[PDB]
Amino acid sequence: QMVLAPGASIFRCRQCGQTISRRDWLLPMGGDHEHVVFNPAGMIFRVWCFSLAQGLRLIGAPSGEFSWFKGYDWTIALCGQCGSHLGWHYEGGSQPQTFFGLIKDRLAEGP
């Protein structure tokens, strides 16, 4: 027997294994799921956009300050299990209304 199922379709927190998202939810915001972005202190992040995610904990009220995505406010997204910073939740825009910009290098891909 073999298991017949995708090998790299689920994204989990690299630190604790919490289920976070799926390859099926990758979202090409501005024509690419991948964005290389800088914050006000010059830190460069590599963000992957997903339409849906789970297992996160969103901290604080939304902010538009230095938002990387036009029309969206952001909230910090932690791993709800281990508290690792996994990226940001975006809300208040359109097509879609909400989505997640996740730090790709803090996720592990698997079956």
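Quick note: we count residues from 1 along the sequence shown, nothing fancier. Superpose the two forms; the largest set of C-alphas matching within 1.5 Å is the rigid core.
Which of 38 to 46 and 56 to 64 lies farther from this form in 9 other deposited structures of this protein, as RMS of C-alpha positions after a rigid core fit: Higher average C-alpha offset in 9 other deposited structures of this protein goes to 38 to 46.
On average, which has the higher Cα B-factor in the deposited entry, 1 to 9 or 101 to 109? Between 101 to 109 and 1 to 9, it is 1 to 9 that shows the higher mean C-alpha B-factor.
Comparing 55 to 63 with 72 to 80, where is the mean C-alpha B-factor higher? The stretch with the larger average C-alpha B-factor is 55 to 63.
Which of these has the highest Cα B-factor in the record: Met29, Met43, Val47, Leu86? The listed residue with the largest C-alpha B-factor is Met29.
Would you please rank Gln18 by its C-alpha temperature factor against the other modelled residues of its chain and give the third it falls in: lowest, middle or highest? Middle third, going by the recorded CA B-factors of the chain.
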